[PDB]
$ cat protein.txt   # compact mmCIF, C-alpha atoms and all ligand atoms
# COMPACT_ATOMS: atom_id res chain seq x y z
CA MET A 1 -69.44 -4.65 -98.64
CA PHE A 2 -70.76 -5.72 -95.27
CA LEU A 3 -70.09 -8.99 -93.52
CA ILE A 4 -73.28 -9.85 -91.64
CA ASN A 5 -73.60 -13.07 -89.63
CA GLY A 6 -70.73 -14.85 -91.39
CA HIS A 7 -71.27 -13.83 -95.02
CA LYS A 8 -71.19 -10.85 -97.35
CA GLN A 9 -74.48 -8.92 -97.32
CA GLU A 10 -75.42 -5.55 -98.78
CA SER A 11 -78.75 -5.22 -97.00
CA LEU A 12 -80.35 -6.06 -93.64
CA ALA A 13 -83.89 -7.09 -92.70
CA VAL A 14 -86.05 -4.01 -91.96
CA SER A 15 -87.48 -5.74 -88.89
CA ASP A 16 -84.05 -5.57 -87.22
CA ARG A 17 -84.25 -3.69 -83.91
CA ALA A 18 -81.13 -1.64 -84.71
CA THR A 19 -83.26 -0.13 -87.49
CA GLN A 20 -86.38 0.04 -85.30
CA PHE A 21 -85.01 1.47 -82.03
CA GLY A 22 -81.21 1.65 -82.46
CA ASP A 23 -81.26 -1.32 -80.10
CA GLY A 24 -77.63 -2.36 -79.94
CA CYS A 25 -74.04 -1.14 -79.74
CA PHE A 26 -70.94 -0.61 -81.90
CA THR A 27 -67.19 0.08 -82.01
CA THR A 28 -64.92 1.82 -84.48
CA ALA A 29 -61.35 0.56 -84.65
CA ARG A 30 -58.08 1.69 -86.21
CA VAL A 31 -56.44 -0.77 -88.66
CA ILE A 32 -52.67 -0.38 -89.12
CA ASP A 33 -50.52 -2.64 -91.32
CA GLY A 34 -53.17 -5.35 -91.48
CA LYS A 35 -53.67 -5.28 -87.70
CA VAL A 36 -56.50 -4.02 -85.53
CA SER A 37 -55.07 -1.76 -82.81
CA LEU A 38 -56.30 -2.66 -79.29
CA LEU A 39 -58.35 -5.57 -80.65
CA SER A 40 -58.84 -7.02 -77.17
CA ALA A 41 -60.15 -3.71 -75.89
CA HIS A 42 -62.71 -3.51 -78.69
CA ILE A 43 -64.06 -7.00 -78.02
CA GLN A 44 -64.27 -6.34 -74.27
CA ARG A 45 -66.14 -3.05 -74.75
CA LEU A 46 -68.62 -4.91 -77.00
CA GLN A 47 -69.24 -7.54 -74.31
CA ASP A 48 -69.98 -4.99 -71.58
CA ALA A 49 -72.29 -3.04 -73.88
CA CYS A 50 -74.08 -6.32 -74.67
CA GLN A 51 -74.14 -7.17 -70.97
CA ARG A 52 -75.88 -3.96 -69.88
CA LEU A 53 -78.30 -3.95 -72.84
CA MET A 54 -79.10 -7.58 -72.00
CA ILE A 55 -78.13 -8.81 -75.48
CA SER A 56 -77.05 -12.45 -75.22
CA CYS A 57 -74.49 -13.76 -77.71
CA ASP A 58 -71.58 -16.20 -77.79
CA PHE A 59 -70.06 -15.54 -81.21
CA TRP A 60 -67.06 -13.70 -79.72
CA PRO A 61 -64.46 -16.18 -81.03
CA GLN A 62 -66.02 -16.02 -84.53
CA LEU A 63 -66.36 -12.22 -84.39
CA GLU A 64 -62.69 -11.84 -83.46
CA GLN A 65 -61.53 -13.92 -86.42
CA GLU A 66 -63.68 -11.85 -88.79
CA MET A 67 -62.28 -8.55 -87.55
CA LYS A 68 -58.77 -9.91 -88.09
CA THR A 69 -59.39 -11.17 -91.61
CA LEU A 70 -61.13 -7.95 -92.62
CA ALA A 71 -58.21 -5.95 -91.18
CA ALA A 72 -55.68 -8.06 -93.11
CA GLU A 73 -57.57 -7.28 -96.33
CA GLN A 74 -58.00 -3.55 -95.74
CA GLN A 75 -54.41 -3.17 -94.47
CA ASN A 76 -54.90 0.50 -93.48
CA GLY A 77 -58.13 2.11 -92.41
CA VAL A 78 -61.10 1.86 -90.05
CA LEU A 79 -63.07 -1.22 -89.00
CA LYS A 80 -66.63 -0.78 -87.80
CA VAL A 81 -68.52 -3.41 -85.83
CA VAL A 82 -72.23 -3.30 -85.01
CA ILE A 83 -74.16 -5.72 -82.81
CA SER A 84 -77.96 -5.51 -82.52
CA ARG A 85 -80.58 -7.54 -80.67
CA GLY A 86 -81.78 -8.88 -84.04
CA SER A 87 -85.39 -9.12 -85.31
CA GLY A 88 -88.46 -9.94 -83.22
CA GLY A 89 -90.01 -8.87 -79.95
CA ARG A 90 -93.44 -7.37 -79.36
CA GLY A 91 -93.02 -3.59 -79.46
CA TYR A 92 -90.33 -2.32 -77.06
CA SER A 93 -90.31 -5.74 -75.40
CA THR A 94 -87.18 -7.87 -75.71
CA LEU A 95 -89.25 -11.05 -75.29
CA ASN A 96 -89.04 -13.52 -78.19
CA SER A 97 -86.34 -11.47 -79.91
CA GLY A 98 -83.07 -12.77 -81.33
CA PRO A 99 -80.73 -14.10 -82.36
CA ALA A 100 -78.30 -11.17 -82.24
CA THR A 101 -76.94 -9.66 -85.46
CA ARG A 102 -73.26 -8.87 -86.12
CA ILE A 103 -72.23 -6.45 -88.88
CA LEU A 104 -68.67 -5.65 -89.95
CA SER A 105 -67.34 -3.16 -92.50
CA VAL A 106 -63.92 -1.71 -93.33
CA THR A 107 -62.99 1.62 -94.84
CA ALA A 108 -59.73 3.23 -96.00
CA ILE A 109 -57.57 21.77 -82.60
CA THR A 110 -60.19 24.31 -81.48
CA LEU A 111 -63.22 23.52 -79.31
CA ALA A 112 -66.54 25.30 -79.34
CA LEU A 113 -69.05 25.01 -76.50
CA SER A 114 -72.02 23.00 -77.67
CA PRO A 115 -75.55 24.40 -77.21
CA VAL A 116 -76.81 20.78 -76.99
CA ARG A 117 -76.57 19.26 -73.50
CA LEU A 118 -76.45 15.50 -72.93
CA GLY A 119 -79.28 13.86 -71.04
CA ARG A 120 -78.51 12.04 -67.78
CA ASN A 121 -79.19 8.32 -67.50
CA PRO A 122 -76.94 5.96 -65.43
CA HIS A 123 -78.41 2.92 -67.23
CA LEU A 124 -77.07 4.07 -70.60
CA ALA A 125 -73.90 5.87 -69.46
CA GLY A 126 -70.53 4.67 -70.71
CA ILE A 127 -72.05 2.32 -73.30
CA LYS A 128 -71.29 2.91 -77.00
CA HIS A 129 -74.90 2.08 -77.93
CA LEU A 130 -76.63 3.00 -81.18
CA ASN A 131 -78.82 5.84 -79.89
CA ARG A 132 -76.43 8.57 -81.08
CA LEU A 133 -78.99 11.19 -82.11
CA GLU A 134 -77.57 13.64 -79.50
CA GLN A 135 -74.20 13.34 -81.30
CA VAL A 136 -75.86 14.00 -84.67
CA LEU A 137 -77.38 17.26 -83.33
CA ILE A 138 -74.12 18.35 -81.65
CA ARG A 139 -72.28 17.72 -84.93
CA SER A 140 -74.81 19.84 -86.84
CA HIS A 141 -74.29 22.82 -84.52
CA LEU A 142 -70.54 22.26 -84.55
CA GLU A 143 -70.53 22.71 -88.32
CA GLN A 144 -72.15 26.15 -87.89
CA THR A 145 -68.89 27.22 -86.18
CA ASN A 146 -65.25 27.12 -87.28
CA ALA A 147 -64.19 24.71 -84.54
CA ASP A 148 -62.94 21.18 -85.14
CA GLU A 149 -64.63 19.62 -82.13
CA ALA A 150 -67.12 20.57 -79.43
CA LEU A 151 -67.05 20.86 -75.66
CA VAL A 152 -70.23 19.08 -74.49
CA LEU A 153 -71.96 19.44 -71.17
CA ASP A 154 -74.41 17.48 -69.05
CA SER A 155 -78.04 18.57 -68.64
CA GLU A 156 -76.84 19.83 -65.24
CA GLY A 157 -73.87 21.76 -66.60
CA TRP A 158 -71.04 19.31 -65.89
CA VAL A 159 -68.28 19.01 -68.51
CA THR A 160 -68.70 15.53 -70.00
CA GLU A 161 -66.85 15.15 -73.29
CA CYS A 162 -66.71 16.22 -76.93
CA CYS A 163 -68.89 15.15 -79.86
CA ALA A 164 -66.94 12.01 -80.78
CA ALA A 165 -64.00 12.05 -78.35
CA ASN A 166 -63.20 12.10 -74.63
CA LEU A 167 -61.57 14.95 -72.75
CA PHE A 168 -58.51 15.43 -70.48
CA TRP A 169 -57.25 18.75 -69.08
CA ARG A 170 -54.43 19.45 -66.65
CA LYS A 171 -52.90 22.03 -64.35
CA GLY A 172 -49.42 21.34 -63.06
CA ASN A 173 -48.90 17.65 -62.33
CA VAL A 174 -52.60 16.79 -61.94
CA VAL A 175 -54.59 15.52 -64.97
CA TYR A 176 -58.41 15.55 -64.96
CA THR A 177 -61.16 13.68 -66.79
CA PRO A 178 -64.95 13.88 -66.33
CA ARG A 179 -66.65 10.94 -64.62
CA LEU A 180 -68.84 9.19 -67.20
CA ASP A 181 -71.37 7.68 -64.83
CA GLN A 182 -74.35 9.76 -65.95
CA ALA A 183 -73.54 10.56 -69.58
CA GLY A 184 -71.02 10.12 -72.40
CA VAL A 185 -69.16 7.11 -73.76
CA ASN A 186 -66.28 5.55 -71.84
CA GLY A 187 -63.84 5.44 -74.75
CA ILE A 188 -61.25 2.73 -75.38
CA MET A 189 -58.53 5.35 -75.87
CA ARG A 190 -59.71 7.09 -72.70
CA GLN A 191 -59.30 3.94 -70.66
CA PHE A 192 -55.92 3.29 -72.32
CA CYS A 193 -54.68 6.81 -71.41
CA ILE A 194 -55.86 6.31 -67.82
CA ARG A 195 -53.69 3.17 -67.63
CA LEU A 196 -50.67 5.12 -68.86
CA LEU A 197 -51.30 8.09 -66.57
CA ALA A 198 -51.85 5.81 -63.58
CA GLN A 199 -48.39 4.21 -63.72
CA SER A 200 -46.85 7.56 -64.78
CA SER A 201 -45.64 10.50 -62.67
CA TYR A 202 -48.71 12.64 -63.42
CA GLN A 203 -51.59 12.47 -60.99
CA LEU A 204 -54.98 11.49 -62.46
CA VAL A 205 -58.40 12.45 -61.07
CA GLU A 206 -61.91 11.63 -62.32
CA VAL A 207 -63.96 14.73 -61.50
CA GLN A 208 -67.32 16.43 -61.91
CA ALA A 209 -66.43 19.94 -63.02
CA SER A 210 -68.19 23.02 -64.29
CA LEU A 211 -67.12 24.79 -67.46
CA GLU A 212 -65.18 27.47 -65.56
CA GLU A 213 -63.23 24.88 -63.63
CA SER A 214 -61.99 23.17 -66.83
CA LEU A 215 -61.22 26.48 -68.56
CA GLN A 216 -58.51 27.14 -65.95
CA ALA A 217 -56.31 24.30 -67.18
CA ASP A 218 -52.77 24.72 -68.55
CA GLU A 219 -53.54 22.22 -71.30
CA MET A 220 -56.41 20.22 -72.84
CA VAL A 221 -56.20 16.96 -74.81
CA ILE A 222 -58.85 15.19 -76.93
CA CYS A 223 -58.88 11.43 -77.66
CA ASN A 224 -60.48 8.44 -79.43
CA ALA A 225 -59.51 5.15 -81.16
CA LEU A 226 -58.93 6.88 -84.51
CA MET A 227 -56.88 10.06 -83.75
CA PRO A 228 -55.76 8.74 -81.29
CA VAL A 229 -54.75 11.87 -79.32
CA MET A 230 -55.10 15.46 -80.41
CA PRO A 231 -53.62 18.65 -78.89
CA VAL A 232 -56.12 21.47 -78.13
CA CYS A 233 -55.15 25.06 -79.04
CA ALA A 234 -58.22 26.87 -77.71
CA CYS A 235 -61.67 26.34 -76.31
CA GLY A 236 -63.63 29.30 -77.55
CA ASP A 237 -62.48 32.42 -75.69
CA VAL A 238 -59.61 30.73 -73.78
CA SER A 239 -56.23 29.87 -75.34
CA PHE A 240 -53.86 27.08 -74.19
CA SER A 241 -50.06 27.29 -74.02
CA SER A 242 -48.39 23.94 -73.32
CA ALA A 243 -48.62 20.54 -75.00
CA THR A 244 -46.50 18.58 -72.50
CA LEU A 245 -49.05 15.89 -71.61
CA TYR A 246 -49.87 15.54 -75.29
CA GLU A 247 -46.21 15.05 -76.18
CA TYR A 248 -46.11 12.49 -73.40
CA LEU A 249 -48.98 10.15 -74.33
CA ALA A 250 -49.02 10.65 -78.13
CA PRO A 251 -46.09 8.35 -79.05
CA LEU A 252 -47.38 5.89 -76.48
CA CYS A 253 -50.89 6.03 -77.97
CA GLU A 254 -49.97 5.62 -81.65
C1 LIG B 1 -66.94 6.27 -79.73
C2 LIG B 1 -67.12 7.57 -78.94
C3 LIG B 1 -66.04 8.18 -78.26
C4 LIG B 1 -64.65 7.58 -78.30
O1 LIG B 1 -64.51 6.20 -78.09
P1 LIG B 1 -63.14 5.45 -78.25
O2 LIG B 1 -63.62 4.00 -77.86
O3 LIG B 1 -62.15 5.96 -77.31
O4 LIG B 1 -62.85 5.54 -79.68
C5 LIG B 1 -66.23 9.32 -77.57
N1 LIG B 1 -67.47 9.88 -77.54
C6 LIG B 1 -68.55 9.33 -78.20
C7 LIG B 1 -69.92 10.03 -78.13
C8 LIG B 1 -68.39 8.17 -78.90
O5 LIG B 1 -69.45 7.60 -79.56
$ encode --input "protein.txt" --output "structure tokens" --more "lines below"
Ligand SMILES: *Cc1c(COP(=O)(O)O)cnc(C)c1O
Amino acid sequence: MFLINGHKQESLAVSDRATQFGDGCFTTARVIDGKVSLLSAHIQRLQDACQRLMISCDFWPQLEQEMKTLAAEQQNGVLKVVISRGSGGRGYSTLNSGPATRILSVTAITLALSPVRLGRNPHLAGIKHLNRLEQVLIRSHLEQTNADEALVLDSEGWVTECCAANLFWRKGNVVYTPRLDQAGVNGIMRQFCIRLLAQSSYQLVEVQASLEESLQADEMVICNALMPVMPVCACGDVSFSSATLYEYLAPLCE
């Protein structure tokens, strides 16, 4: 069951650029009691991803309605949305391509350092685009360990995020998160936690830190739209004691 361009479809044209070059973006949302959590955030993250990938579309009002009706049906689960540049275009060229495709579907902690480092590219940073082959490789290595998630670094060694979640770590009253201007996805839950931490008593800083710098934290917290927050017990050969920040934002995140 897929809703593609306003009607149920099981298959998609092979010529679609999402299939050809993973040319597009996507978002995975939590559905609770027939409602999409942070619906507005999901639509806004789709618009910015479309903006930087130069994908022009105006079906936002129609897309919103569809997410809401699909969420009312599913009641409890996950809602996935994919937007691609559509068919067409000569080779890698965007010329004569379009119109854009929309696809919807609904469905019902220890860290290990990842041996796979994320490439650096400002033009693709932050965007939840479809080129997630680095995440597929990281996941494969992660499964060779007994960890639940992975600590992923930059090609230069900077702590960036996890495989499918963002990272926060804190010492005292200061909370830290890696700047996502060169790599990683700027999560919706990440941005939501930043809003909470900003108005709160904790101090929040967006840093560029090495592994050793982050391993000196009193606590570490993992996040994404589906968890939505998870407490971290260890990161390889370094155990964590408190879960204060986690106890703080968790009720506020759910
Ligand atoms: C989707 C994603 C996240 C989390 O995004 P949220 O919008 O907060 O759910 C984190 N890392 C990667 C690589 C992702 O694809």
$ closest_residue --input "protein.txt" --among "A:175, A:185, A:194, A:112" --to "residue 161 (chain A)" --atoms "all atoms listed in the file"
A:185
$ residues_near_ligand --input "protein.txt" --ligand "ligand LIG 1 (chain B)" --cutoff "8 Å" --atoms "only C-alpha atoms and all ligand atoms" --output "ChimeraX atom specification"
/A:27-29,42,128-129,132,135,161-166,184-191,223-226,228
$ write_last_selection --input "protein.txt" --atoms "C-alpha atoms" --output "PDB file, keeping the file's coordinate frame"
ATOM      1  CA  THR A  27     -67.190   0.080 -82.010  1.00  0.00           C
ATOM      2  CA  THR A  28     -64.920   1.820 -84.480  1.00  0.00           C
ATOM      3  CA  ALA A  29     -61.350   0.560 -84.650  1.00  0.00           C
ATOM      4  CA  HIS A  42     -62.710  -3.510 -78.690  1.00  0.00           C
ATOM      5  CA  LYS A 128     -71.290   2.910 -77.000  1.00  0.00           C
ATOM      6  CA  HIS A 129     -74.900   2.080 -77.930  1.00  0.00           C
ATOM      7  CA  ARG A 132     -76.430   8.570 -81.080  1.00  0.00           C
ATOM      8  CA  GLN A 135     -74.200  13.340 -81.300  1.00  0.00           C
ATOM      9  CA  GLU A 161     -66.850  15.150 -73.290  1.00  0.00           C
ATOM     10  CA  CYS A 162     -66.710  16.220 -76.930  1.00  0.00           C
ATOM     11  CA  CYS A 163     -68.890  15.150 -79.860  1.00  0.00           C
ATOM     12  CA  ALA A 164     -66.940  12.010 -80.780  1.00  0.00           C
ATOM     13  CA  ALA A 165     -64.000  12.050 -78.350  1.00  0.00           C
ATOM     14  CA  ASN A 166     -63.200  12.100 -74.630  1.00  0.00           C
ATOM     15  CA  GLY A 184     -71.020  10.120 -72.400  1.00  0.00           C
ATOM     16  CA  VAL A 185     -69.160   7.110 -73.760  1.00  0.00           C
ATOM     17  CA  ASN A 186     -66.280   5.550 -71.840  1.00  0.00           C
ATOM     18  CA  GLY A 187     -63.840   5.440 -74.750  1.00  0.00           C
ATOM     19  CA  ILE A 188     -61.250   2.730 -75.380  1.00  0.00           C
ATOM     20  CA  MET A 189     -58.530   5.350 -75.870  1.00  0.00           C
ATOM     21  CA  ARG A 190     -59.710   7.090 -72.700  1.00  0.00           C
ATOM     22  CA  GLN A 191     -59.300   3.940 -70.660  1.00  0.00           C
ATOM     23  CA  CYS A 223     -58.880  11.430 -77.660  1.00  0.00           C
ATOM     24  CA  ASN A 224     -60.480   8.440 -79.430  1.00  0.00           C
ATOM     25  CA  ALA A 225     -59.510   5.150 -81.160  1.00  0.00           C
ATOM     26  CA  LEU A 226     -58.930   6.880 -84.510  1.00  0.00           C
ATOM     27  CA  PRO A 228     -55.760   8.740 -81.290  1.00  0.00           C
TER      28      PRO A 228
END
$ closest_residue --input "protein.txt" --among "A:142, A:111, A:232, A:244" --to "residue 173 (chain A)" --atoms "only C-alpha atoms"
A:244
$ residues_around --input "protein.txt" --residues "region 86-94 of chain A" --least-positions-apart "3" --cutoff "10 Å" --atoms "only C-alpha atoms" --output "JSON, numbers by chain"
{"A": [13, 14, 15, 16, 17, 18, 19, 20, 21, 23, 24, 54, 55, 83, 97, 98, 99, 100, 101, 102]}
$ atom_distance --input "protein.txt" --atom1 "CA of residue 25 (chain A)" --atom2 "CA of residue 125 (chain A)"
12.4 Å
$ atom_distance --input "protein.txt" --atom1 "CA of residue 177 (chain A)" --atom2 "CA of residue 81 (chain A)"
26.6 Å
